[PDB]
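Taking this note's numbering, the leading residue of the sequence shown gets 5, the next gets one more, and so forth.
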Amino acid sequence: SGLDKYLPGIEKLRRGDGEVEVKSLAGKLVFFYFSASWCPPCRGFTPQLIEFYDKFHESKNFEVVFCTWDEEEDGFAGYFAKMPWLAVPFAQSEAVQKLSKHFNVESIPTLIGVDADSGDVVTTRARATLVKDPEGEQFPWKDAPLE
């Protein structure tokens with residue numbers, strides 16, 4: 005619904021070894037990490053996603069998508085060479101630019117969580133939670149009712 009509107013209508017993803025249809029994410033909790041290979045840190049926030057997801061993906065059955073934040077393909081290209089998660093191809097990189105406006109991305113790097121089925125955003129503070137939430141008891145980490 006929303007994930008399809010926010011973007012130009014992506015049908016396939018860069019998955020890993022090659023590409024994978026979007027249908028594979030029909031009714032699940034998808035996340036979107038915005039960043040670039042030339043980013044200031046670019047050392048730490050990356051292999052954690054896989055560990056957190058790969059460790060509970062069985063019971064959680066979720067998927068994380070990577071949204072580049074570079075100007076040239078040379079950066080994200082060598083960047084996706086490893087990460088297995090599904091990443092939007094440069095073809096629809098335009099979405100990544102507009103998608104931010106929907107997530108109010110102040111600045112990279114960051115992490116956002118959305119529902120493929122629901123469409124609308126379910127959680128935007130996925131950057132701190134994914135790292136600071138080792139219980140996954142509220143994975144959809146909705147709004148913050150802690151005052």
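Even for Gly, the Cβ is constructed at its ideal location relative to N, Cα and C.
- List the whole-angstrom C-beta distance separating residue 35 from residue 116, where the pair is believed to meet the contact cut-off of C-beta under 8 Å. 6 Å
- Query: Between 149, 143, 139, 134, which lies nearest to residue 37 when the distance is taken from Cα to Cα?
  - Reply: 134
- Query: residue 91 bridges to which residues according to DSSP?
  - Reply: 70
- Query: With which residues is residue 168 paired in a DSSP beta bridge?
  - Reply: For residue 168 there is no data in the structure shown, the boundaries of the chain being 5 and 151.
- Query: Shortest alpha-carbon distance to residue 147 belongs to which of 137, 125, 89, 140?
  - Reply: Closest option to residue 147, Cα to Cα, is 125.
- Compute the Euclidean distance between the alpha carbons of residue 88 and residue 61, then round it to the nearest angstrom. 14 Å
- Task: May I ask which residues mark the beginning and end of the beta strand (DSSP E) holding residue 126?
- Result: Element bounds for residue 126: 125-127.
- Item | At least 3 beta-carbon pairs within less than 8 Å: the region 12-32 vs the region 81-101 | yes
- Task: Taking 8 Å as the cut-off, decide whether the C-beta atoms of residue 112 and residue 43 are in contact.
- Result: yes
- Query: When burial is assigned at 16 or more other CB atoms within 10 Å of the CB, is residue 5 buried or exposed?
  - Reply: exposed
- Let me know the secondary structure DSSP gives residue 16 once reduced to three states. Here residue 16 carries a strand assignment [DSSP, helix/strand/coil].
- Message: So, under 8 Å CB-CB, residue 98 and residue 12 are touching, yes? Tell me the CB distance rounded to an integer number of Å.
- Response: 6 Å
- Using the beta-carbon count (16 or more within 10 Å), is residue 150 buried or exposed? exposed
- Helix, strand or coil: how does DSSP classify residue 25 here? strand
- Query: Is residue 72 near residue 80, with beta carbons less than 8 Å apart?
  - Reply: yes
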